[PDB]
Amino acid sequence: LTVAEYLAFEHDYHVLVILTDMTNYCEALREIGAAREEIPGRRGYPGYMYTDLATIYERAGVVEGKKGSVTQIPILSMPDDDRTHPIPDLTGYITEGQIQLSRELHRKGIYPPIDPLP
Amino acid sequence: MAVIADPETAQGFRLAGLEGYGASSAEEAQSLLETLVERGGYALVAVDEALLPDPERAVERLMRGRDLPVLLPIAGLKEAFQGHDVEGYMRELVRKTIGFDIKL
Amino acid sequence: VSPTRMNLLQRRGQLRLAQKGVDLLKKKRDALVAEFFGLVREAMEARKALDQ
């Protein structure tokens with residue numbers, strides 16, 4: 001995101017950023033938090049995970065008086081296809097929407113299996 | 001309405017306005033009955049028990065599609081005068097409908 | 001289904017609804033039984049009148 005911000009706001013590029021799996025980032029964060037005996041959040045994750053994720057997502061946007069822009073498409077895996085897991089919950093609280101894939105549509109051979117209601 | 005019965009009462013059926021046919025075997029009774037089912041006209045067919053005890057069993061594949069035809073079994077001319085108890089038919093009817101045998 | 005307390009309350013409400021529905025269907029079946037008995041008596045009487 002440092003490289004993306006530099007390119008967009010200093011050289012007027014239109015940057016598209018893809019983050020492959022935020023779940024692994026949360027796992028590493030939980031490892032460091034559990035090593036330090038922090039107060040846990042709901043399942044295992046530390047209580048400050050909302051603030052830490054917010055410093056990553058909130059770096060996108062557009063700026064008055066400049067031609068650049070930053071667009072983010074993070075990808076994350078809901079573990080038991082569960083929307084109430086802490087990682088999708090905090091991501092949905094921070095981000096500006098979501099695209100949710102459906103397994104039932106995938107089993108019928110539909111591609112791309114985007115479920116429009118959630 | 002139509003009625004399959006003995007040839008003796010067919011003239012009386014024609015007098016009363018009923019469409020009567022005279023027959024004695026189950027094969028011709030079933031063929032004529034399903035012909036009456038397929039043909040356009042009156043939807044009620046009356047059956048003498050001597051030719052076909054259960055006409056619904058005869059048209060059970062035409063009954064699965066449409067239930068608008070009406071079939072009614074009754075004693076024949078010979079069975080009418082010698083007579084029987086109709087309550088046995090009632091017991092068979094209730095035992096068929098519920099699957100249970102009660103109230104002899 | 002994710003286990004939460006709210007989900008547990010919803011499931012218990014569903015259980016109570018199912019039991020009440022079972023009881024209501026039993027009452028409906030009782031009423032249908034009474035009507036069936038009356039109708040079969042009437043049908044027997046009509047059958048013997050037709051025979052005569």
# chains A, B, ... in the order shown; residues from 1 in each chain; ligands from 1
call {"tool": "select_by_dssp", "arguments": {"residues": "stretch 16-96 of chain B", "states": "strand (DSSP E or B)", "output": "list in words"}}
result
residues 19, 20, 21, 22, 44, 45, 46, 47, 48, 70, 71, 72, 73 and 74 of chain B
call {"tool": "interface_residues", "arguments": {"of": "chain C", "to": "chain B", "cutoff": "9 Å", "atoms": "only C-alpha atoms", "output": "ChimeraX atom specification"}}
result
/C:40,43-44,47-48,51-52
call {"tool": "write_last_selection", "arguments": {"atoms": "N, CA, C and O atoms", "output": "short mmCIF file (atom, residue, chain, number, x, y, z; two decimals), in the first residue's frame"}}
result
data_model
loop_
_atom_site.label_atom_id
_atom_site.label_comp_id
_atom_site.auth_asym_id
_atom_site.auth_seq_id
_atom_site.Cartn_x
_atom_site.Cartn_y
_atom_site.Cartn_z
N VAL C 40 -70.51 -41.14 6.11
CA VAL C 40 -70.61 -42.56 5.76
C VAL C 40 -71.96 -43.13 6.19
O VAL C 40 -72.52 -43.98 5.48
N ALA C 43 -74.32 -42.01 3.48
CA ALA C 43 -74.08 -42.74 2.24
C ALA C 43 -74.66 -44.15 2.30
O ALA C 43 -75.20 -44.65 1.31
N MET C 44 -74.54 -44.81 3.46
CA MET C 44 -75.14 -46.14 3.60
C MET C 44 -76.66 -46.09 3.44
O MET C 44 -77.26 -46.93 2.74
N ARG C 47 -77.52 -45.59 -0.16
CA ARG C 47 -77.26 -46.80 -0.94
C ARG C 47 -78.42 -47.79 -0.83
O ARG C 47 -78.86 -48.35 -1.84
N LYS C 48 -78.92 -48.01 0.39
CA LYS C 48 -80.02 -48.97 0.50
C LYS C 48 -81.32 -48.42 -0.11
O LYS C 48 -82.09 -49.19 -0.71
N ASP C 51 -81.01 -49.10 -3.73
CA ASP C 51 -81.23 -50.52 -4.03
C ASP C 51 -82.72 -50.85 -4.10
O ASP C 51 -83.17 -51.55 -5.01
N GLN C 52 -83.50 -50.34 -3.14
CA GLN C 52 -84.94 -50.59 -3.15
C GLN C 52 -85.60 -49.99 -4.39
O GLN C 52 -86.44 -50.64 -5.04
#
call {"tool": "residues_around", "arguments": {"residues": "stretch 48-60 of chain B", "least_positions_apart": "3", "cutoff": "9 Å", "atoms": "only C-alpha atoms", "output": "PyMOL selection string"}}
result
chain B and resi 3-6+23-30+33-34+37+63-65+71-77+79
call {"tool": "write_last_selection", "arguments": {"atoms": "C-alpha atoms", "output": "JSON list (two decimals), in the first residue's frame"}}
result
[["chain", "number", "residue", "atom", "x", "y", "z"],
["B", 3, "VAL", "CA", -74.72, -47.19, -17.78],
["B", 4, "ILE", "CA", -73.29, -50.64, -18.56],
["B", 5, "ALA", "CA", -75.69, -53.40, -17.54],
["B", 6, "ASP", "CA", -77.59, -56.42, -18.83],
["B", 23, "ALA", "CA", -72.51, -56.99, -22.23],
["B", 24, "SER", "CA", -71.40, -60.01, -20.23],
["B", 25, "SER", "CA", -67.56, -60.10, -20.15],
["B", 26, "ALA", "CA", -65.02, -57.97, -18.31],
["B", 27, "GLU", "CA", -62.90, -57.37, -21.43],
["B", 28, "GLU", "CA", -65.62, -55.69, -23.49],
["B", 29, "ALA", "CA", -66.90, -53.91, -20.37],
["B", 30, "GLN", "CA", -63.49, -52.35, -19.69],
["B", 33, "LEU", "CA", -65.93, -48.06, -20.37],
["B", 34, "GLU", "CA", -62.60, -46.50, -21.35],
["B", 37, "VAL", "CA", -64.14, -42.12, -20.81],
["B", 63, "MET", "CA", -58.03, -41.40, -13.19],
["B", 64, "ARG", "CA", -54.49, -40.32, -12.26],
["B", 65, "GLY", "CA", -54.69, -37.56, -14.88],
["B", 71, "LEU", "CA", -68.13, -44.15, -11.86],
["B", 72, "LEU", "CA", -70.67, -46.01, -9.76],
["B", 73, "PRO", "CA", -70.92, -49.77, -9.11],
["B", 74, "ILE", "CA", -74.29, -51.43, -8.45],
["B", 75, "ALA", "CA", -75.85, -54.89, -8.32],
["B", 76, "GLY", "CA", -76.98, -56.47, -11.58],
["B", 77, "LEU", "CA", -80.50, -57.50, -12.53],
["B", 79, "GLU", "CA", -78.37, -59.75, -8.01]]
call {"tool": "interface_residues", "arguments": {"of": "chain A", "to": "chain C", "cutoff": "10 Å", "atoms": "only C-alpha atoms", "output": "ChimeraX atom specification"}}
result
/A:80-85
call {"tool": "atom_distance", "arguments": {"atom1": "atom CA of residue A:29", "atom2": "atom CA of residue A:87"}}
result
11.6 Å
call {"tool": "select_by_dssp", "arguments": {"residues": "chain B", "states": "alpha helix (DSSP H)", "output": "ChimeraX atom specification"}}
result
/B:7-16,26-38,55-58,60-63,77-82,87-98
call {"tool": "residues_around", "arguments": {"residues": "residue A:27", "least_positions_apart": "5", "cutoff": "9 Å", "atoms": "only C-alpha atoms", "output": "MDAnalysis selection string"}}
result
chainID A and resid 22 32 45
call {"tool": "write_last_selection", "arguments": {"atoms": "C-alpha atoms", "output": "mmCIF file, in the first residue's frame"}}
result
data_model
loop_
_atom_site.group_PDB
_atom_site.id
_atom_site.type_symbol
_atom_site.label_atom_id
_atom_site.label_comp_id
_atom_site.auth_asym_id
_atom_site.auth_seq_id
_atom_site.Cartn_x
_atom_site.Cartn_y
_atom_site.Cartn_z
ATOM 1 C CA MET A 22 -6.474 -11.593 4.585
ATOM 2 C CA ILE A 32 1.788 -12.481 17.729
ATOM 3 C CA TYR A 45 -8.095 -13.136 17.807
#
call {"tool": "residues_around", "arguments": {"residues": "stretch 29-38 of chain C", "least_positions_apart": "3", "cutoff": "12 Å", "atoms": "only C-alpha atoms", "output": "list in words"}}
result
residues 90, 94, 97, 98, 102 and 103 of chain B; 22, 23, 24, 25, 26, 41, 42, 43, 44 and 45 of chain C
call {"tool": "write_last_selection", "arguments": {"atoms": "C-alpha atoms", "output": "short mmCIF file (atom, residue, chain, number, x, y, z; two decimals), in the first residue's frame"}}
result
data_model
loop_
_atom_site.label_atom_id
_atom_site.label_comp_id
_atom_site.auth_asym_id
_atom_site.auth_seq_id
_atom_site.Cartn_x
_atom_site.Cartn_y
_atom_site.Cartn_z
CA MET B 90 -69.97 -50.05 3.17
CA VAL B 94 -64.52 -47.58 4.78
CA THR B 97 -60.67 -45.29 2.49
CA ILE B 98 -59.07 -45.36 5.94
CA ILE B 102 -64.14 -51.09 12.23
CA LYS B 103 -67.92 -50.74 12.75
CA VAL C 22 -48.81 -30.64 15.57
CA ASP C 23 -51.55 -30.16 18.17
CA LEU C 24 -53.60 -27.98 15.81
CA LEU C 25 -53.36 -30.55 13.01
CA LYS C 26 -54.54 -33.26 15.42
CA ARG C 41 -73.87 -43.09 7.67
CA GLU C 42 -75.71 -40.90 5.15
CA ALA C 43 -74.08 -42.74 2.24
CA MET C 44 -75.14 -46.14 3.60
CA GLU C 45 -78.75 -44.96 3.95
#
call {"tool": "atom_distance", "arguments": {"atom1": "atom CA of residue A:109", "atom2": "atom CA of residue A:73"}}
result
24.6 Å
call {"tool": "atom_distance", "arguments": {"atom1": "atom CA of residue B:9", "atom2": "atom CA of residue B:41"}}
result
21.5 Å
call {"tool": "decode", "arguments": {"residues": "stretch 40-72 of chain A", "atoms": "N, CA, C and O atoms", "output": "short mmCIF file (atom, residue, chain, number, x, y, z; two decimals), in the first residue's frame"}}
result
data_model
loop_
_atom_site.label_atom_id
_atom_site.label_comp_id
_atom_site.auth_asym_id
_atom_site.auth_seq_id
_atom_site.Cartn_x
_atom_site.Cartn_y
_atom_site.Cartn_z
N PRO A 40 -8.13 -11.48 24.42
CA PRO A 40 -8.67 -11.95 23.14
C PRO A 40 -9.95 -11.23 22.76
O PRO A 40 -10.65 -10.66 23.61
N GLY A 41 -10.27 -11.27 21.47
CA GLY A 41 -11.53 -10.80 20.96
C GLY A 41 -12.58 -11.87 21.16
O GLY A 41 -12.74 -12.36 22.28
N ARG A 42 -13.31 -12.25 20.11
CA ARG A 42 -14.35 -13.24 20.32
C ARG A 42 -13.80 -14.66 20.32
O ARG A 42 -13.83 -15.34 21.35
N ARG A 43 -13.29 -15.14 19.18
CA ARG A 43 -12.88 -16.54 19.19
C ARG A 43 -11.46 -16.73 19.71
O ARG A 43 -11.26 -17.28 20.80
N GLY A 44 -10.47 -16.29 18.95
CA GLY A 44 -9.10 -16.36 19.44
C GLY A 44 -8.35 -15.06 19.26
O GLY A 44 -7.36 -14.80 19.94
N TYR A 45 -8.86 -14.25 18.34
CA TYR A 45 -8.10 -13.14 17.81
C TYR A 45 -7.98 -12.02 18.84
O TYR A 45 -8.83 -11.90 19.73
N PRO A 46 -6.93 -11.20 18.77
CA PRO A 46 -6.75 -10.16 19.77
C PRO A 46 -7.80 -9.07 19.67
O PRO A 46 -8.46 -8.90 18.64
N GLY A 47 -7.96 -8.33 20.76
CA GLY A 47 -9.00 -7.31 20.82
C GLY A 47 -8.74 -6.11 19.95
O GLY A 47 -9.67 -5.36 19.65
N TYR A 48 -7.49 -5.89 19.53
CA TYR A 48 -7.17 -4.74 18.71
C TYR A 48 -7.17 -5.04 17.22
O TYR A 48 -6.63 -4.24 16.45
N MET A 49 -7.75 -6.16 16.80
CA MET A 49 -7.69 -6.54 15.39
C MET A 49 -8.49 -5.58 14.51
O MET A 49 -8.15 -5.40 13.34
N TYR A 50 -9.54 -4.97 15.05
CA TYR A 50 -10.31 -4.00 14.28
C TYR A 50 -9.46 -2.80 13.89
O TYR A 50 -9.53 -2.31 12.76
N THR A 51 -8.66 -2.29 14.83
CA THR A 51 -7.83 -1.13 14.54
C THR A 51 -6.72 -1.48 13.56
O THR A 51 -6.37 -0.67 12.70
N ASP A 52 -6.16 -2.68 13.68
CA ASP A 52 -5.05 -3.07 12.82
C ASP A 52 -5.50 -3.26 11.38
O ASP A 52 -4.78 -2.89 10.45
N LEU A 53 -6.68 -3.85 11.18
CA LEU A 53 -7.20 -4.00 9.83
C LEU A 53 -7.60 -2.65 9.25
O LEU A 53 -7.55 -2.45 8.03
N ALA A 54 -8.02 -1.72 10.10
CA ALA A 54 -8.49 -0.43 9.62
C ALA A 54 -7.35 0.39 9.02
O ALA A 54 -7.57 1.20 8.12
N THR A 55 -6.12 0.18 9.51
CA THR A 55 -4.99 0.91 8.96
C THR A 55 -4.58 0.37 7.59
O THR A 55 -3.80 1.01 6.89
N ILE A 56 -5.09 -0.80 7.21
CA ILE A 56 -4.79 -1.35 5.89
C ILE A 56 -5.84 -0.92 4.88
O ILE A 56 -5.52 -0.38 3.82
N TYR A 57 -7.12 -1.15 5.20
CA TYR A 57 -8.18 -0.87 4.24
C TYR A 57 -8.32 0.62 3.97
O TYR A 57 -8.50 1.03 2.82
N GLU A 58 -8.21 1.45 5.00
CA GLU A 58 -8.59 2.86 4.86
C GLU A 58 -7.56 3.68 4.09
O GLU A 58 -7.67 4.91 4.07
N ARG A 59 -6.56 3.04 3.48
CA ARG A 59 -5.57 3.80 2.71
C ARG A 59 -6.01 4.01 1.27
O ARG A 59 -5.33 4.70 0.51
N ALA A 60 -7.13 3.41 0.86
CA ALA A 60 -7.65 3.63 -0.48
C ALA A 60 -8.51 4.89 -0.52
O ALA A 60 -8.92 5.43 0.50
N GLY A 61 -8.79 5.35 -1.73
CA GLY A 61 -9.68 6.47 -1.94
C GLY A 61 -9.16 7.38 -3.02
O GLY A 61 -8.27 7.02 -3.78
N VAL A 62 -9.73 8.58 -3.08
CA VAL A 62 -9.32 9.61 -4.02
C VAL A 62 -9.07 10.90 -3.25
O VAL A 62 -9.61 11.09 -2.15
N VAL A 63 -8.26 11.78 -3.82
CA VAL A 63 -7.82 12.98 -3.14
C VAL A 63 -8.14 14.19 -4.01
O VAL A 63 -7.93 14.19 -5.22
N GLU A 64 -8.69 15.22 -3.36
CA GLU A 64 -9.02 16.48 -4.02
C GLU A 64 -7.79 17.11 -4.66
O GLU A 64 -6.74 17.23 -4.03
N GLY A 65 -7.94 17.50 -5.93
CA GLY A 65 -6.87 18.19 -6.63
C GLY A 65 -5.80 17.30 -7.22
O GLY A 65 -4.75 17.81 -7.64
N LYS A 66 -6.02 15.99 -7.28
CA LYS A 66 -5.06 15.06 -7.84
C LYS A 66 -5.77 14.07 -8.74
O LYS A 66 -6.94 13.74 -8.53
N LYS A 67 -5.06 13.58 -9.75
CA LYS A 67 -5.68 12.73 -10.76
C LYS A 67 -5.62 11.25 -10.40
O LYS A 67 -6.34 10.45 -11.00
N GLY A 68 -4.80 10.87 -9.43
CA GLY A 68 -4.64 9.48 -9.10
C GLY A 68 -5.82 8.92 -8.33
O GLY A 68 -6.72 9.63 -7.88
N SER A 69 -5.81 7.59 -8.18
CA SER A 69 -6.84 6.89 -7.42
C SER A 69 -6.28 5.53 -7.02
O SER A 69 -5.41 4.99 -7.68
N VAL A 70 -6.80 5.00 -5.91
CA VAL A 70 -6.42 3.68 -5.42
C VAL A 70 -7.69 2.87 -5.20
O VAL A 70 -8.59 3.31 -4.47
N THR A 71 -7.77 1.70 -5.81
CA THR A 71 -8.89 0.79 -5.65
C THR A 71 -8.39 -0.54 -5.10
O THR A 71 -7.38 -1.06 -5.57
N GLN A 72 -9.10 -1.07 -4.11
CA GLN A 72 -8.68 -2.29 -3.44
C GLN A 72 -9.69 -3.40 -3.66
O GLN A 72 -10.90 -3.19 -3.54
#
